[PDB]
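Q: As given, the protein sequences belong to chains H, C, B, F, G and A, one line each in that order. Residue numbers are given in the entry's author numbering: position 103 of the first sequence equals residue 113, and the series is strictly consecutive. Residue numbers are given in the entry's author numbering: position 310 of the second sequence equals residue 312, and the series is strictly consecutive. Residue numbers are given in the entry's author numbering: position 35 of the third sequence equals residue 429, and the series is strictly consecutive. Residue numbers are given in the entry's author numbering: position 7 of the fourth sequence equals residue 225, and the series is strictly consecutive. Residue numbers are given in the entry's author numbering: position 10 of the fifth sequence equals residue 208, and the series is strictly consecutive. Residue numbers are given in the entry's author numbering: position 44 of the sixth sequence equals residue 454, and the series is strictly consecutive. All C-beta atoms, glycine included, are put in the ideal place defined by N, C-alpha and C. After the structure tokens below, expect a handful of questions from me.
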Amino acid sequence: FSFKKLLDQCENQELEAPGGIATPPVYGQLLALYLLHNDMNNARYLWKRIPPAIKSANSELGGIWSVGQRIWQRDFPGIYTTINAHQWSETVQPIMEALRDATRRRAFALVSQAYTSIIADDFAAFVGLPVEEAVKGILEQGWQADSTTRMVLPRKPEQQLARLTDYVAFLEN
Amino acid sequence: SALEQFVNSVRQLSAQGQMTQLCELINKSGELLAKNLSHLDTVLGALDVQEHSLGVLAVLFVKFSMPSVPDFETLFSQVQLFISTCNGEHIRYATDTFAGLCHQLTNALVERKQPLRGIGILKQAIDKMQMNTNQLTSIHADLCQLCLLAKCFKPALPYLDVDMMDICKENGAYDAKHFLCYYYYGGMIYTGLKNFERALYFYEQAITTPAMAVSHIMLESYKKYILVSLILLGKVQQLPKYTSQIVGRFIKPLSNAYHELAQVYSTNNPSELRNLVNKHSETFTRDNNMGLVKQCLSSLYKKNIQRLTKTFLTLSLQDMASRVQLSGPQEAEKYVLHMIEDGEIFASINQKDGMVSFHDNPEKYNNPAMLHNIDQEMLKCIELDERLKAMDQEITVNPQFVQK
Amino acid sequence: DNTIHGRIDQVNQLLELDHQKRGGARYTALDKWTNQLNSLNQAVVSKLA
Amino acid sequence: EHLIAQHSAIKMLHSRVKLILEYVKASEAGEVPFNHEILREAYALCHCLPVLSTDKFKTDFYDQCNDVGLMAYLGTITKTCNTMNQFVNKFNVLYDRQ
Amino acid sequence: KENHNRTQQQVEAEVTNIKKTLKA
Amino acid sequence: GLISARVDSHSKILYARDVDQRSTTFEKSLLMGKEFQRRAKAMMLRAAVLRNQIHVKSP
Numbered sequence: 011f012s013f014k015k016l017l018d019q020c021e022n023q024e025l026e027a028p029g030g031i032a033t034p035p036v037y038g039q040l041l042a043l044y045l046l047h048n049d050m051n052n053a054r055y056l057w058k059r060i061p062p063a064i065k066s067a068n069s070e071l072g073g074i075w076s077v078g079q080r081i082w083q084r085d086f087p088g089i090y091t092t093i094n095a096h097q098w099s100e101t102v103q104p105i106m107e108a109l110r111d112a113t114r115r116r117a118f119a120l121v122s123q124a125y126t127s128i129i130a131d132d133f134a135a136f137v138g139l140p141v142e143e144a145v146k147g148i149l150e151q152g153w154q155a156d157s158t159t160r161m162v163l164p165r166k167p168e169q170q171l172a173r174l175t176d177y178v179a180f181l182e183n
Numbered sequence: 003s004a005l006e007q008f009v010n011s012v013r014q015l016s017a018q019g020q021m022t023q024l025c026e027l028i029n030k031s032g033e034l035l036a037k038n039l040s041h042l043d044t045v046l047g048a049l050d051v052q053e054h055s056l057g058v059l060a061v062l063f064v065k066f067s068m069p070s071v072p073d074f075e076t077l078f079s080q081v082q083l084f085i086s087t088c089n090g091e092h093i094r095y096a097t098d099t100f101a102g103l104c105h106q107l108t109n110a111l112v113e114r115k116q117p118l119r120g121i122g123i124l125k126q127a128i129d130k131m132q133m134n135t136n137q138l139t140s141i142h143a144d145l146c147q148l149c150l151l152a153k154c155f156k157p158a159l160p161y162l163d164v165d166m167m168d169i170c171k172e173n174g175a176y177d178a179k180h181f182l183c184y185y186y187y188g189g190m191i192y193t194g195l196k197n198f199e200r201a202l203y204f205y206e207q208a209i210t211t212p213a214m215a216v217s218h219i220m221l222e223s224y225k226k227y228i229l230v231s232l233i234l235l236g237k238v239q240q241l242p243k244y245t246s247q248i249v250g251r252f253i254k255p256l257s258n259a260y261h262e263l264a265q266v267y268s269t270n271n272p273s274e275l276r277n278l279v280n281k282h283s284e285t286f287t288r289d290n291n292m293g294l295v296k297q298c299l300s301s302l303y304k305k306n307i308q309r310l311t312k313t314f315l316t317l318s319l320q321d322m323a324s325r326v327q328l329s330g331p332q333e334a335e336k337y338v339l340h341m342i343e344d345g346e347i348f349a350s351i352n353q354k355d356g357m358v359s360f361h362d363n364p365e366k367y368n369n370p371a372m373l374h375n376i377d378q379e380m381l382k383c384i385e386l387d388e389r390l391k392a393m394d395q396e397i398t399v400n401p402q403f404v405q406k
Numbered sequence: 395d396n397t398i399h400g401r402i403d404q405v406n407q408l409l410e411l412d413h414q415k416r417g418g419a420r421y422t423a424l425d426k427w428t429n430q431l432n433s434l435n436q437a438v439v440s441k442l443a
Numbered sequence: 219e220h221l222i223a224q225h226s227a228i229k230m231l232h233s234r235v236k237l238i239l240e241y242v243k244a245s246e247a248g249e250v251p252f253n254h255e256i257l258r259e260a261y262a263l264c265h266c267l268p269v270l271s272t273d274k275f276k277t278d279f280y281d282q283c284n285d286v287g288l289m290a291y292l293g294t295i296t297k298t299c300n301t302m303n304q305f306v307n308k309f310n311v312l313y314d315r316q
Numbered sequence: 199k200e201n202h203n204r205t206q207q208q209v210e211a212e213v214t215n216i217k218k219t220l221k222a
Numbered sequence: 411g412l413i414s415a416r417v418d419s420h421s422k423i424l425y426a427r428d429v430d431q432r433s434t435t436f437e438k439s440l441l442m443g444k445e446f447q448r449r450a451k452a453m454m455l456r457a458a459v460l461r462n463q464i465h466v467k468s469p
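Here it is in structure tokens:
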């Protein structure tokens, strides 16, 4: 969509724009946008190469590498709790508004084939909703819950003729 | 005084041919060339700079001291502008001082600890010095180190995903150090991004270099080769037949901790592996690959769990976390869930009964999308055969290959 | 003693007889071809030592 | 030479479907007496398409396609191995120092 | 097919010419 | 490779499994193709280094 273009723009402004060190705005923007695309391998090195002067001056970046560890050591309640802890200017607010949706869709896709019967209490922590609100919204998708025990059962949801001629012309030379 | 004759000569000898004598008179040096030439550099660059600027800058940069003294910012700007807009195919007549200039820039940046500015410079120098994109140059070993000392692994990815088929001679020079360093640093970069399948290949292409003496860039390409092979596969892969015998004579005995680690990672038992990591903790941390070893310990569990799929159709979580020695059904649940999420295993958890059911039924080859996979794999072989024929006909017509 | 071509099912008290014969000669030939190419390729490559 | 044997049979089916279409259009606009039988058989012929688009068909068809694709893949691997051997033999003549 | 055999015949002609001029 | 069976340790039932010839053939053929391409690339690089005569001297 539009986030990939922003990502490559910050990559270019990190490489060739500065005299070795870029501005904290683009630094934090890139750090937070790496997490959205699930690229923790690059994000760890981005945090490791940050000079130890932006970290001690612009402390907000230290906040962003507080969501990341939660993705690193996979912990969905940790992700949801840490996202709702800090706040910055209008540079990461739409980043951590699509990160929320991405994480909540990742959890839904995770408990759709890994689990065939899961407690509703654990499902609420996975998706990131209150248990009562989670169970009622589950039933629309067709997943059959089971009350009085809280055991939701997730349920699974033009040139060929040219190519063959190209293969024949190659085999026979 | 005299330089005015030299400056004018390059002005008139160039733009009319006579390119053979140009490199001859450039090689005549000038005995420090009256190092105050910083003023004449800009005027000499008629049209798209020139070639004599390379000769001036090569001498300027390697005064074996005070690069150009504190003129660094100006020197760096001159180098950057020159490399960005040198243009012309003339820059390929002297791929002996161009590589030297890039190497000197890399060494200065590494010494000054700013290996991020040069990643953008040695990206046009590579692009504007090789014939095609499948040719290995001595500069490829500089970018792969600049983007490794300054953790920025993604810029080097376009230059590591090409299967090289030719190596630039560079009109002399190009010692084996550059070839070994490129295929070692590329392996390190690929390992850092957790692409082990190609990191193993890159390390292997450095071990099998022809050799007659032990070099301390092939030792730390066998030590890491063992670990990457133990992570990606369950065992140490067999090195190719044409491997130099030096690896099997001195390199192997020098790496004895890693062979012991593989020996323990041959009988599946994490208890001994955890002890061996600590007993040899000095060797594994002196070689700096401590952290690539703990990945082997963490991968032993993931290998054992996958080995459970070949015998069982439904296992209990408490019972499962007693053969792989995970010590707890709660931790075995997350160990299985992580492996399912990564596409390493095919299983489903049942928290009600608390049991893991193994499916073992990924795919039946009746998909119109698998046809795409077969088509791509066939096209890659077709292109490979075309390349082989192309660089076979160039030998069939060689005048030397008619007398023998 | 190779007299009944079937298998018993103890938990269901059944007897499942073998009646279907898929193509077993084409896939065996393809396996032999693949296994022989896997060795021919190595023999060809090792000549460039 | 194989595609021409299938180019002379499609050219016969096309030159009949075209004639039937021309007759149907002539009957519509009005050029020949309205014959009910012909215009009913033409309706049945039109209703006969597609020919057997069931779900089991597009698994056997793809089975066959994938089997032939794998056979073609192995054929190209064999030809590339032959070219490999030819190049290696031609190379270990010039660049031989033993 | 025509292009491949033209290329093969041209390579053969070049090799024959090289063989002929080699007799010097 | 003595018994082609799978244990079901819930009702304690030993099931007999049957290998799919077609899927096994496809898997092993694709793996062979991947290895062949890897070896081809390695050999081409070996030819380049042998042609350029790249080696490390004892000095």
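Given this structure, state the Cα-to-Cα distance separating C:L159 from C:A201, to the nearest angstrom.
A: About 12 angstroms.
Q: Compute the Euclidean distance between the alpha carbons of C:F360 and C:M372, then round it to the nearest angstrom.
A: 24 angstroms
Q: For a cutoff of 8 angstroms on Cβ pairs, would you count B:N406 as touching chain A?
A: no
Q: Step through the CB atoms of chain B and report whether any lies within less than 8 angstroms of the CB of C:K243.
A: Cβ-Cβ to chain B under 8 angstroms: yes for C:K243.
Q: Going along the chain, which unbroken runs of the alpha helix (DSSP H) with 4 or more residues stay wholly within the segment 115 to 197 of chain C?
A: 119 to 123, 126 to 129, 142 to 151, 178 to 194
Q: When the cut-off is 8 angstroms and only beta carbons count, does A:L460 lie next to chain F?
A: yes
Q: Cα separation between H:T91 and H:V36?
A: 25 angstroms
Q: Scan the segment 414 to 432 of chain A for residues whose Cβ lies nearer than 9 angstroms to a Cβ of chain F and list them as they occur along the chain.
A: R432
Q: Taking Cβ positions only, does H:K14 come closer than 8 angstroms to chain C?
A: no
Q: Do you know how far the Cα of G:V209 is from the Cα of G:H202?
A: 11 angstroms
Q: Residues of chain F with CB closer than 7 angstroms to the CB of B:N435, please, in chain order.
A: Correct list: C299.
Q: Can you list the residues of chain F that A:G443 reaches, using a CB-CB cut of under 7 angstroms?
A: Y291, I295
Q: Would you report the Cα separation of F:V306 and A:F446, rounded to the nearest angstrom?
A: 16 angstroms
Q: With DSSP run on the structure shown, which of helix, strand or coil describes C:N38?
A: coil
Q: Of all the residues that make up the segment 369 to 397 of chain C, which are near chain G by a beta-carbon distance shorter than 9 angstroms?
A: Listed by position along the chain: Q395.
Q: To the nearest angstrom, how far is it from the Cα of H:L56 to the Cα of C:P255?
A: 38 angstroms
Q: For C:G356, tell me which candidate among C:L317, C:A208, C:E343 has the shortest Cα-Cα distance.
A: C:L317
Q: Residues of the segment 413 to 429 of chain B with a CB closer than 9 angstroms to any CB of chain C: list them in chain order, please.
A: none
Q: Would you report the Cα separation of H:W82 and C:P157, rounded to the nearest angstrom?
A: 23 angstroms
Q: Classify A:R416 as helix, strand or coil using the three-state DSSP reduction.
A: strand
Q: Quick one: residues in its chain with C-beta nearer than 7 angstroms to the C-beta of H:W153, no 5 flanking neighbours on either side, listed in chain order?
A: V162, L163, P164, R165
Q: Taking C:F66 as the reference, which of C:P364, C:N280, C:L107, C:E379 has the closest Cα?
A: C:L107
Q: Using a Cβ-Cβ cut-off of 8 angstroms, state whether C:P401 counts as contacting chain H.
A: C:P401 is outside the set of residues whose beta carbon lies under 8 angstroms from a beta carbon in chain H.
Q: Give the straight-line distance between the Cα atoms of C:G102 and C:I121, rounded to the nearest whole angstrom.
A: Answer to the nearest angstrom: the Cα atoms are 16 angstroms apart.
Q: Provide the residue span of the beta strand (DSSP E) that contains H:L40, from first to last.
A: Bounds of any beta strand (DSSP E) do not take in H:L40; it lies within the alpha helix (DSSP H) bounded by 34 to 46.
Q: Is it right to say H:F13 is buried, meaning 16 or more other beta carbons lie within 10 angstroms of its own, or is it exposed?
A: Per the 10 Å Cβ criterion, exposed.
Q: Since C:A208 and C:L182 should fall inside the 8 angstroms C-beta cutoff, what is the C-beta to C-beta distance between them, to a whole number of angstroms?
A: Contact holds; Cβ gap of about 5 angstroms.
Q: Would you say G:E212 lies against chain C (beta-carbon separation less than 8 angstroms)?
A: At least one CB atom of chain C sits nearer than 8 angstroms to the CB of G:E212.
Q: Please confirm if C:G345 has its CB atom under 8 angstroms from at least one CB of chain E.
A: Among the chains of the structure shown, chain E does not appear; the protein chains present are H, C, B, F, G and A.
Q: Mind checking F:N253: buried by the 16 CB within 10 Å criterion, or exposed?
A: F:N253 should be labelled exposed.
Q: Could you name the residues of chain C that A:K451 contacts, counting a contact when the two beta carbons are closer than 7 angstroms?
A: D165
Q: Could you name the residues of the same chain whose beta carbon sits closer than 8 angstroms to that of C:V295, not counting the 5 residues immediately before and after it, in chain order?
A: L229, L263, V279, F286
Q: Using beta-carbon positions only, say whether A:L455 and C:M322 come within less than 8 angstroms of one another.
A: no
Q: To the nearest whole angstrom, what separates the beta carbons of C:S31 and C:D43, a pair I think is in contact under 8 angstroms?
A: Their Cβ separation, rounded to whole angstroms, is 17 angstroms, which puts C:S31 and C:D43 out of contact at 8 angstroms.
Q: What is the DSSP secondary structure of A:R449, counted as helix, strand or coil?
A: helix
Q: Return the bridge partner residues of B:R401 from the DSSP annotation.
A: Paired residues: B:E410.
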